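Student: So here's run02.txt (compact mmCIF, N, CA and C atoms).
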```
# COMPACT_ATOMS: atom_id res chain seq x y z
N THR A 1 97.09 101.68 92.08
CA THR A 1 97.38 100.46 92.85
C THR A 1 98.44 99.63 92.13
N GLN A 2 99.66 99.68 92.64
CA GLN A 2 100.77 98.97 92.05
C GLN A 2 101.72 98.49 93.15
N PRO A 3 102.67 97.62 92.81
CA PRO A 3 103.57 97.02 93.80
C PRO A 3 104.72 97.93 94.21
N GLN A 4 104.95 98.01 95.51
CA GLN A 4 106.09 98.72 96.07
C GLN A 4 107.36 97.93 95.76
N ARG A 5 108.50 98.59 95.82
CA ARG A 5 109.75 97.94 95.49
C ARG A 5 110.73 98.00 96.65
N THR A 6 111.60 97.01 96.73
CA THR A 6 112.58 96.94 97.79
C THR A 6 113.95 96.57 97.23
N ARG A 7 114.98 97.26 97.70
CA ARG A 7 116.33 96.95 97.26
C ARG A 7 117.03 96.12 98.32
N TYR A 8 117.29 94.87 97.99
CA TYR A 8 117.95 93.98 98.91
C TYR A 8 119.38 93.72 98.48
N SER A 9 120.26 93.66 99.45
CA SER A 9 121.61 93.21 99.20
C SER A 9 121.81 91.88 99.91
N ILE A 10 122.35 90.90 99.22
CA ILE A 10 122.45 89.56 99.77
C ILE A 10 123.75 88.92 99.35
N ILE A 11 124.37 88.17 100.26
CA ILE A 11 125.62 87.50 99.96
C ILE A 11 125.63 86.11 100.58
N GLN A 12 126.25 85.16 99.90
CA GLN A 12 126.25 83.78 100.35
C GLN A 12 127.60 83.42 100.98
N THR A 13 127.55 82.87 102.17
CA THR A 13 128.75 82.47 102.88
C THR A 13 128.88 80.96 102.94
N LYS A 14 130.10 80.48 103.11
CA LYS A 14 130.36 79.04 103.16
C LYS A 14 129.72 78.41 104.39
N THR A 15 129.95 79.01 105.54
CA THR A 15 129.44 78.48 106.80
C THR A 15 128.88 79.58 107.68
N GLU A 16 128.31 79.20 108.82
CA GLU A 16 127.79 80.17 109.77
C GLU A 16 128.95 81.01 110.29
N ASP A 17 130.11 80.38 110.35
CA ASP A 17 131.35 81.05 110.76
C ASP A 17 131.62 82.25 109.88
N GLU A 18 131.47 82.03 108.58
CA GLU A 18 131.67 83.08 107.59
C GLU A 18 130.62 84.16 107.76
N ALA A 19 129.37 83.74 107.98
CA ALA A 19 128.27 84.67 108.19
C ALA A 19 128.53 85.54 109.41
N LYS A 20 128.94 84.92 110.52
CA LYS A 20 129.31 85.64 111.73
C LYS A 20 130.42 86.65 111.47
N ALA A 21 131.40 86.27 110.66
CA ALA A 21 132.49 87.18 110.31
C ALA A 21 131.96 88.38 109.53
N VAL A 22 130.98 88.12 108.67
CA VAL A 22 130.38 89.15 107.85
C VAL A 22 129.52 90.07 108.70
N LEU A 23 128.67 89.47 109.53
CA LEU A 23 127.74 90.24 110.34
C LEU A 23 128.47 90.99 111.45
N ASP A 24 129.60 90.47 111.89
CA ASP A 24 130.39 91.14 112.92
C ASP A 24 130.86 92.49 112.42
N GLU A 25 131.32 92.52 111.17
CA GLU A 25 131.82 93.73 110.56
C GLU A 25 130.68 94.72 110.30
N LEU A 26 129.58 94.23 109.74
CA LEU A 26 128.44 95.09 109.43
C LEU A 26 127.70 95.52 110.68
N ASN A 27 127.98 94.85 111.79
CA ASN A 27 127.40 95.23 113.08
C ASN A 27 127.94 96.58 113.52
N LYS A 28 129.15 96.90 113.07
CA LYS A 28 129.69 98.24 113.24
C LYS A 28 129.01 99.17 112.26
N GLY A 29 128.65 98.61 111.11
CA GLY A 29 127.84 99.30 110.13
C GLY A 29 128.65 100.20 109.22
N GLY A 30 129.85 99.78 108.86
CA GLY A 30 130.66 100.63 108.02
C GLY A 30 130.44 100.39 106.55
N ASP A 31 130.78 99.20 106.08
CA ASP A 31 130.50 98.83 104.70
C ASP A 31 130.03 97.38 104.59
N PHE A 32 128.85 97.19 104.02
CA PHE A 32 128.36 95.86 103.67
C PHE A 32 128.90 95.44 102.32
N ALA A 33 128.96 96.41 101.41
CA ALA A 33 129.41 96.16 100.04
C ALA A 33 130.78 95.49 100.04
N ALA A 34 131.63 95.92 100.95
CA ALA A 34 132.99 95.39 101.04
C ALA A 34 132.96 93.91 101.41
N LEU A 35 132.09 93.60 102.36
CA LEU A 35 131.93 92.24 102.86
C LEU A 35 131.41 91.35 101.74
N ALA A 36 130.55 91.94 100.92
CA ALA A 36 129.89 91.25 99.83
C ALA A 36 130.88 90.76 98.79
N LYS A 37 131.83 91.60 98.43
CA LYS A 37 132.74 91.26 97.34
C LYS A 37 133.81 90.27 97.78
N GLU A 38 134.20 90.31 99.05
CA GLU A 38 135.36 89.55 99.49
C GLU A 38 135.08 88.06 99.72
N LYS A 39 134.13 87.73 100.60
CA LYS A 39 133.95 86.33 101.00
C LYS A 39 132.80 85.65 100.25
N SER A 40 131.86 86.43 99.82
CA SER A 40 130.62 85.91 99.28
C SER A 40 130.80 85.18 97.95
N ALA A 41 130.12 84.05 97.82
CA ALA A 41 130.04 83.31 96.56
C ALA A 41 128.96 83.93 95.68
N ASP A 42 128.35 84.98 96.20
CA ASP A 42 127.34 85.77 95.51
C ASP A 42 127.92 86.57 94.36
N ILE A 43 129.25 86.70 94.33
CA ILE A 43 129.95 87.81 93.67
C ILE A 43 129.59 87.99 92.20
N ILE A 44 128.95 87.01 91.58
CA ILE A 44 128.33 87.23 90.28
C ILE A 44 127.45 88.48 90.34
N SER A 45 126.77 88.65 91.47
CA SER A 45 125.98 89.84 91.73
C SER A 45 126.63 90.71 92.81
N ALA A 46 127.30 90.07 93.77
CA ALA A 46 127.95 90.77 94.88
C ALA A 46 128.92 91.86 94.42
N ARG A 47 129.52 91.69 93.24
CA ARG A 47 130.43 92.70 92.70
C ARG A 47 129.73 94.05 92.52
N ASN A 48 128.40 94.04 92.57
CA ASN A 48 127.60 95.27 92.51
C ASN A 48 127.49 95.91 93.90
N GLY A 49 128.26 95.38 94.84
CA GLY A 49 128.20 95.86 96.21
C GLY A 49 127.20 95.07 97.03
N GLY A 50 126.97 93.82 96.61
CA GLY A 50 126.02 92.96 97.29
C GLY A 50 124.60 93.20 96.83
N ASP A 51 124.43 94.24 96.03
CA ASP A 51 123.12 94.64 95.54
C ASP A 51 122.62 93.67 94.47
N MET A 52 121.52 92.99 94.77
CA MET A 52 120.90 92.09 93.82
C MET A 52 120.02 92.88 92.86
N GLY A 53 119.66 94.09 93.27
CA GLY A 53 118.82 94.93 92.45
C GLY A 53 117.50 95.25 93.13
N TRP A 54 116.69 96.07 92.48
CA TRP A 54 115.38 96.41 93.01
C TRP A 54 114.36 95.35 92.62
N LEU A 55 113.83 94.66 93.62
CA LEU A 55 112.77 93.71 93.39
C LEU A 55 111.43 94.35 93.71
N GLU A 56 110.38 93.83 93.12
CA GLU A 56 109.05 94.35 93.35
C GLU A 56 108.36 93.50 94.41
N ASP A 57 107.55 94.14 95.23
CA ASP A 57 106.90 93.45 96.32
C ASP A 57 105.94 92.41 95.77
N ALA A 58 105.90 91.27 96.45
CA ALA A 58 105.09 90.12 96.05
C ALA A 58 105.65 89.41 94.81
N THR A 59 106.85 89.79 94.38
CA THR A 59 107.57 89.01 93.38
C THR A 59 108.77 88.35 94.05
N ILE A 60 108.89 88.62 95.34
CA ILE A 60 110.01 88.16 96.15
C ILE A 60 109.92 86.66 96.39
N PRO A 61 111.01 85.92 96.14
CA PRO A 61 111.10 84.50 96.47
C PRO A 61 111.05 84.28 97.98
N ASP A 62 110.49 83.14 98.37
CA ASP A 62 110.26 82.80 99.79
C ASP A 62 111.53 82.85 100.61
N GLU A 63 112.66 82.66 99.96
CA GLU A 63 113.95 82.73 100.61
C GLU A 63 114.14 84.09 101.29
N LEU A 64 113.88 85.17 100.55
CA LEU A 64 114.02 86.52 101.10
C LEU A 64 112.77 86.94 101.87
N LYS A 65 111.66 86.22 101.68
CA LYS A 65 110.46 86.47 102.48
C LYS A 65 110.74 86.23 103.95
N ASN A 66 111.64 85.29 104.21
CA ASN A 66 112.01 84.91 105.56
C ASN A 66 113.06 85.85 106.15
N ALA A 67 113.56 86.77 105.32
CA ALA A 67 114.60 87.70 105.76
C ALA A 67 114.06 88.71 106.78
N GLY A 68 112.78 89.05 106.64
CA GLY A 68 112.12 89.91 107.60
C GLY A 68 112.60 91.35 107.56
N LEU A 69 113.25 91.73 106.47
CA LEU A 69 113.82 93.07 106.35
C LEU A 69 112.85 94.05 105.70
N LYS A 70 111.96 94.63 106.49
CA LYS A 70 111.07 95.66 105.99
C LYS A 70 111.50 97.08 106.39
N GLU A 71 112.28 97.18 107.47
CA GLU A 71 112.72 98.49 107.97
C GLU A 71 114.09 98.86 107.40
N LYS A 72 114.15 99.98 106.69
CA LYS A 72 115.35 100.37 105.94
C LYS A 72 116.51 100.69 106.87
N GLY A 73 117.66 100.09 106.58
CA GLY A 73 118.84 100.30 107.40
C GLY A 73 119.15 99.08 108.23
N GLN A 74 118.20 98.16 108.28
CA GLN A 74 118.36 96.94 109.04
C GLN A 74 119.23 95.95 108.27
N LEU A 75 120.32 95.54 108.91
CA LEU A 75 121.26 94.61 108.31
C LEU A 75 121.62 93.51 109.31
N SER A 76 122.30 92.49 108.80
CA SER A 76 122.64 91.28 109.57
C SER A 76 121.43 90.37 109.68
N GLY A 77 120.87 90.05 108.52
CA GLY A 77 119.85 89.03 108.45
C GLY A 77 120.44 87.74 107.93
N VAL A 78 120.57 86.76 108.80
CA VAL A 78 121.21 85.50 108.44
C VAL A 78 120.15 84.46 108.13
N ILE A 79 120.10 84.06 106.88
CA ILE A 79 119.13 83.09 106.43
C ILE A 79 119.77 81.70 106.37
N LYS A 80 119.27 80.81 107.20
CA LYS A 80 119.83 79.48 107.32
C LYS A 80 119.31 78.59 106.20
N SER A 81 120.21 78.19 105.32
CA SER A 81 119.88 77.29 104.24
C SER A 81 120.83 76.10 104.29
N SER A 82 120.45 75.01 103.64
CA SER A 82 121.27 73.82 103.60
C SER A 82 122.45 74.04 102.64
N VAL A 83 122.25 74.93 101.67
CA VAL A 83 123.28 75.24 100.69
C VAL A 83 124.32 76.20 101.27
N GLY A 84 124.01 76.75 102.43
CA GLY A 84 124.90 77.70 103.07
C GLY A 84 124.12 78.79 103.77
N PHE A 85 124.78 79.87 104.11
CA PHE A 85 124.14 80.94 104.84
C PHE A 85 124.10 82.21 104.01
N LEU A 86 122.92 82.80 103.92
CA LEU A 86 122.73 84.00 103.14
C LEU A 86 122.63 85.20 104.06
N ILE A 87 123.32 86.27 103.71
CA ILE A 87 123.27 87.50 104.49
C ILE A 87 122.48 88.55 103.73
N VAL A 88 121.43 89.03 104.35
CA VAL A 88 120.56 89.99 103.70
C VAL A 88 120.68 91.37 104.35
N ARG A 89 120.72 92.40 103.51
CA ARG A 89 120.80 93.78 103.96
C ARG A 89 119.77 94.62 103.21
N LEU A 90 119.21 95.60 103.91
CA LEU A 90 118.26 96.52 103.31
C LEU A 90 118.94 97.76 102.79
N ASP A 91 118.99 97.89 101.48
CA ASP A 91 119.58 99.08 100.88
C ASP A 91 118.61 100.25 100.92
N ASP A 92 117.41 100.05 100.39
CA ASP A 92 116.40 101.11 100.38
C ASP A 92 114.99 100.54 100.29
N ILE A 93 114.00 101.39 100.57
CA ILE A 93 112.59 101.03 100.48
C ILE A 93 111.84 102.09 99.67
N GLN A 94 111.08 101.68 98.67
CA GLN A 94 110.29 102.63 97.90
C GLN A 94 108.85 102.15 97.79
N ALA A 95 107.91 103.04 98.06
CA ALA A 95 106.51 102.72 97.93
C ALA A 95 106.03 103.02 96.52
N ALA A 96 106.73 102.44 95.54
CA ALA A 96 106.40 102.55 94.12
C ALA A 96 106.70 103.94 93.56
N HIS A 97 105.97 104.94 94.03
CA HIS A 97 106.05 106.30 93.49
C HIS A 97 107.43 106.92 93.70
N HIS A 98 108.13 106.46 94.73
CA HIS A 98 109.35 107.11 95.19
C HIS A 98 110.51 106.95 94.19
N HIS A 99 110.66 107.97 93.35
CA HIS A 99 111.76 108.06 92.40
C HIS A 99 111.61 109.36 91.62
N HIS A 100 110.53 109.43 90.85
CA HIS A 100 110.16 110.63 90.13
C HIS A 100 108.65 110.68 90.01
N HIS A 101 108.09 109.66 89.38
CA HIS A 101 106.64 109.48 89.32
C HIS A 101 106.30 108.06 88.92
N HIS A 102 105.69 107.34 89.84
CA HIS A 102 105.10 106.05 89.54
C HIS A 102 103.65 106.10 89.98
```
So that I can check it, write out the structure of this file as structure tokens.
Tutor:
Amino acid sequence: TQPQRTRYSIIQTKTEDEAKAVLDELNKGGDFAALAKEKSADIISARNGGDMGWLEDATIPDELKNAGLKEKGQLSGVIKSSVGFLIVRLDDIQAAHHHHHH
């Protein structure tokens, strides 16, 4: 009995306009990573292709709890914040064991 892990990619946009520009491109579904590096103020982490890294389930901050991204491949999650708009993408889903042996 251990926590499953989720790989989220997230990028911060200046306005909803920026978010729409980002989600419009990823709506075609070609590259999210590209969108991440160019406009996002996330780029401290976005330079990794928008990948924030593998987080463990139930260690997730409430911000991404509202992202609703449990199904792998689902992108264009726009999180409305006062600080700006966050774009969340699902890179992968692992039920803990999924790698070699957990």
Student: Quick one: residues within 7 Å of residue A:90, only N, CA and C atoms, excluding same-chain residues fewer than 4 positions away - as a PDB file with N, CA and C atoms, in the frame of the given file?
Tutor:
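Contents of the output file around-v2.pdb:
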```pdb
ATOM      1  N   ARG A   7     114.980  97.260  97.700  1.00  0.00           N
ATOM      2  CA  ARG A   7     116.330  96.950  97.260  1.00  0.00           C
ATOM      3  C   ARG A   7     117.030  96.120  98.320  1.00  0.00           C
ATOM      4  N   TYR A   8     117.290  94.870  97.990  1.00  0.00           N
ATOM      5  CA  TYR A   8     117.950  93.980  98.910  1.00  0.00           C
ATOM      6  C   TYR A   8     119.380  93.720  98.480  1.00  0.00           C
ATOM      7  N   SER A   9     120.260  93.660  99.450  1.00  0.00           N
ATOM      8  CA  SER A   9     121.610  93.210  99.200  1.00  0.00           C
ATOM      9  C   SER A   9     121.810  91.880  99.910  1.00  0.00           C
ATOM     10  N   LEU A  69     113.250  91.730 106.470  1.00  0.00           N
ATOM     11  CA  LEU A  69     113.820  93.070 106.350  1.00  0.00           C
ATOM     12  C   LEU A  69     112.850  94.050 105.700  1.00  0.00           C
ATOM     13  N   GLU A  71     112.280  97.180 107.470  1.00  0.00           N
ATOM     14  CA  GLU A  71     112.720  98.490 107.970  1.00  0.00           C
ATOM     15  C   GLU A  71     114.090  98.860 107.400  1.00  0.00           C
ATOM     16  N   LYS A  72     114.150  99.980 106.690  1.00  0.00           N
ATOM     17  CA  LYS A  72     115.350 100.370 105.940  1.00  0.00           C
ATOM     18  C   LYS A  72     116.510 100.690 106.870  1.00  0.00           C
ATOM     19  N   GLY A  73     117.660 100.090 106.580  1.00  0.00           N
ATOM     20  CA  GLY A  73     118.840 100.300 107.400  1.00  0.00           C
ATOM     21  C   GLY A  73     119.150  99.080 108.230  1.00  0.00           C
ATOM     22  N   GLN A  74     118.200  98.160 108.280  1.00  0.00           N
ATOM     23  CA  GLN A  74     118.360  96.940 109.040  1.00  0.00           C
ATOM     24  C   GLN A  74     119.230  95.950 108.270  1.00  0.00           C
ATOM     25  N   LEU A  75     120.320  95.540 108.910  1.00  0.00           N
ATOM     26  CA  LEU A  75     121.260  94.610 108.310  1.00  0.00           C
ATOM     27  C   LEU A  75     121.620  93.510 109.310  1.00  0.00           C
ATOM     28  N   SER A  76     122.300  92.490 108.800  1.00  0.00           N
ATOM     29  CA  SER A  76     122.640  91.280 109.570  1.00  0.00           C
ATOM     30  C   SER A  76     121.430  90.370 109.680  1.00  0.00           C
TER      31      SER A  76
END
```
Student: Between atom CA of residue A:68 and atom CA of residue A:18, measure the distance and give it in Å to one decimal.
Tutor: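 For atom CA of residue A:68 relative to atom CA of residue A:18, the distance reads 20.7 Å.
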Student: Would you please extract all alpha helix (DSSP H) residues from chain A, as assigned by DSSP on the backbone, and give them as an mmCIF file with N, CA and C atoms, in the coordinates of the input?
Tutor:
```
data_model
loop_
_atom_site.group_PDB
_atom_site.id
_atom_site.type_symbol
_atom_site.label_atom_id
_atom_site.label_comp_id
_atom_site.auth_asym_id
_atom_site.auth_seq_id
_atom_site.Cartn_x
_atom_site.Cartn_y
_atom_site.Cartn_z
ATOM 1 N N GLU A 16 128.310 79.200 108.820
ATOM 2 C CA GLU A 16 127.790 80.170 109.770
ATOM 3 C C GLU A 16 128.950 81.010 110.290
ATOM 4 N N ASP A 17 130.110 80.380 110.350
ATOM 5 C CA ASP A 17 131.350 81.050 110.760
ATOM 6 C C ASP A 17 131.620 82.250 109.880
ATOM 7 N N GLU A 18 131.470 82.030 108.580
ATOM 8 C CA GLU A 18 131.670 83.080 107.590
ATOM 9 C C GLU A 18 130.620 84.160 107.760
ATOM 10 N N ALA A 19 129.370 83.740 107.980
ATOM 11 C CA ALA A 19 128.270 84.670 108.190
ATOM 12 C C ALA A 19 128.530 85.540 109.410
ATOM 13 N N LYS A 20 128.940 84.920 110.520
ATOM 14 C CA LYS A 20 129.310 85.640 111.730
ATOM 15 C C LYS A 20 130.420 86.650 111.470
ATOM 16 N N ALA A 21 131.400 86.270 110.660
ATOM 17 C CA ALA A 21 132.490 87.180 110.310
ATOM 18 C C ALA A 21 131.960 88.380 109.530
ATOM 19 N N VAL A 22 130.980 88.120 108.670
ATOM 20 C CA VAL A 22 130.380 89.150 107.850
ATOM 21 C C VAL A 22 129.520 90.070 108.700
ATOM 22 N N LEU A 23 128.670 89.470 109.530
ATOM 23 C CA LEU A 23 127.740 90.240 110.340
ATOM 24 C C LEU A 23 128.470 90.990 111.450
ATOM 25 N N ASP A 24 129.600 90.470 111.890
ATOM 26 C CA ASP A 24 130.390 91.140 112.920
ATOM 27 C C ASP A 24 130.860 92.490 112.420
ATOM 28 N N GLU A 25 131.320 92.520 111.170
ATOM 29 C CA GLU A 25 131.820 93.730 110.560
ATOM 30 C C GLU A 25 130.680 94.720 110.300
ATOM 31 N N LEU A 26 129.580 94.230 109.740
ATOM 32 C CA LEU A 26 128.440 95.090 109.430
ATOM 33 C C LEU A 26 127.700 95.520 110.680
ATOM 34 N N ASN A 27 127.980 94.850 111.790
ATOM 35 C CA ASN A 27 127.400 95.230 113.080
ATOM 36 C C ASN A 27 127.940 96.580 113.520
ATOM 37 N N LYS A 28 129.150 96.900 113.070
ATOM 38 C CA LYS A 28 129.690 98.240 113.240
ATOM 39 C C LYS A 28 129.010 99.170 112.260
ATOM 40 N N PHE A 32 128.850 97.190 104.020
ATOM 41 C CA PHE A 32 128.360 95.860 103.670
ATOM 42 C C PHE A 32 128.900 95.440 102.320
ATOM 43 N N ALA A 33 128.960 96.410 101.410
ATOM 44 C CA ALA A 33 129.410 96.160 100.040
ATOM 45 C C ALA A 33 130.780 95.490 100.040
ATOM 46 N N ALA A 34 131.630 95.920 100.950
ATOM 47 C CA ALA A 34 132.990 95.390 101.040
ATOM 48 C C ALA A 34 132.960 93.910 101.410
ATOM 49 N N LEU A 35 132.090 93.600 102.360
ATOM 50 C CA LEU A 35 131.930 92.240 102.860
ATOM 51 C C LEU A 35 131.410 91.350 101.740
ATOM 52 N N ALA A 36 130.550 91.940 100.920
ATOM 53 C CA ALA A 36 129.890 91.250 99.830
ATOM 54 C C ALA A 36 130.880 90.760 98.790
ATOM 55 N N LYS A 37 131.830 91.600 98.430
ATOM 56 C CA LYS A 37 132.740 91.260 97.340
ATOM 57 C C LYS A 37 133.810 90.270 97.780
ATOM 58 N N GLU A 38 134.200 90.310 99.050
ATOM 59 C CA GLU A 38 135.360 89.550 99.490
ATOM 60 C C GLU A 38 135.080 88.060 99.720
ATOM 61 N N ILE A 43 129.250 86.700 94.330
ATOM 62 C CA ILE A 43 129.950 87.810 93.670
ATOM 63 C C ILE A 43 129.590 87.990 92.200
ATOM 64 N N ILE A 44 128.950 87.010 91.580
ATOM 65 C CA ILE A 44 128.330 87.230 90.280
ATOM 66 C C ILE A 44 127.450 88.480 90.340
ATOM 67 N N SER A 45 126.770 88.650 91.470
ATOM 68 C CA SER A 45 125.980 89.840 91.730
ATOM 69 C C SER A 45 126.630 90.710 92.810
ATOM 70 N N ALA A 46 127.300 90.070 93.770
ATOM 71 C CA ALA A 46 127.950 90.770 94.880
ATOM 72 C C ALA A 46 128.920 91.860 94.420
ATOM 73 N N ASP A 62 110.490 83.140 98.370
ATOM 74 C CA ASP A 62 110.260 82.800 99.790
ATOM 75 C C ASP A 62 111.530 82.850 100.610
ATOM 76 N N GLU A 63 112.660 82.660 99.960
ATOM 77 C CA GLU A 63 113.950 82.730 100.610
ATOM 78 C C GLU A 63 114.140 84.090 101.290
ATOM 79 N N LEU A 64 113.880 85.170 100.550
ATOM 80 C CA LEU A 64 114.020 86.520 101.100
ATOM 81 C C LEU A 64 112.770 86.940 101.870
ATOM 82 N N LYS A 65 111.660 86.220 101.680
ATOM 83 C CA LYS A 65 110.460 86.470 102.480
ATOM 84 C C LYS A 65 110.740 86.230 103.950
#
```
Student: May I ask for the distance between atom CA of residue A:29 and atom N of residue A:77, given in Å to one decimal place?
Tutor: 11.7 Å
Student: For each of A:38, A:30, A:13, A:4, take the minimum atom-to-atom distance to residue A:85, counting all atoms listed in the file, then give the residue where this is smallest.
Tutor: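 Comparing A:38, A:30, A:13, A:4 against residue A:85, the winner is A:13.
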Student: State, in Å with one decimal place, the distance from atom CA of residue A:98 to atom CA of residue A:10.
Tutor: 22.4 Å
Student: Which of chain A counts as strand (DSSP E) under DSSP, as a PyMOL selection string please?
Tutor: chain A and resi 5-13+51-56+75-81+84-94
Student: Between A:102, A:50, A:83, A:93, single out the one closest to residue A:70, counting all atoms listed in the file.
Tutor: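 Checking each of A:102, A:50, A:83, A:93 against residue A:70, counting all atoms listed in the file, the winner is A:93.
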Student: From the set A:55, A:65, A:89, A:12, which residue has the shortest atom-to-atom contact distance to residue A:41, counting all atoms listed in the file?
Tutor: A:12
Student: Please determine, counting only C-alpha atoms, which residue among A:80, A:91, A:97, A:5 has the shortest atom-to-atom distance to residue A:31.
Tutor: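 Under the stated criterion, the closest residue is A:91.
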Student: Please determine an axis-aligned box that encloses all atoms of stretch 68-84 of chain A listed in the file, with 5 Å added on each side, and express its centre and edge lengths in Å to one decimal as AutoDock Vina command-line options.
Tutor:
```
--center_x 118.0 --center_y 87.3 --center_z 105.2 --size_x 23.8 --size_y 36.9 --size_z 19.0
```
Student: Using all atoms listed in the file, can you tell me which of A:37, A:61, A:101, A:95 comes closest to residue A:49?
Tutor: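 Of A:37, A:61, A:101, A:95, the one nearest residue A:49 is A:37, counting all atoms listed in the file.
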Student: Using all atoms listed in the file, find the one residue out of A:58, A:1, A:32, A:84 that sits nearest to residue A:15.
Tutor: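 For residue A:15, the nearest of the given residues is A:84.
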Student: Might you pull out every residue within 8 Å of residue A:48, with only N, CA and C atoms counted and same-chain residues fewer than 6 positions away left off, and present them as a PyMOL selection string?
Tutor: chain A and resi 33+36-37+42
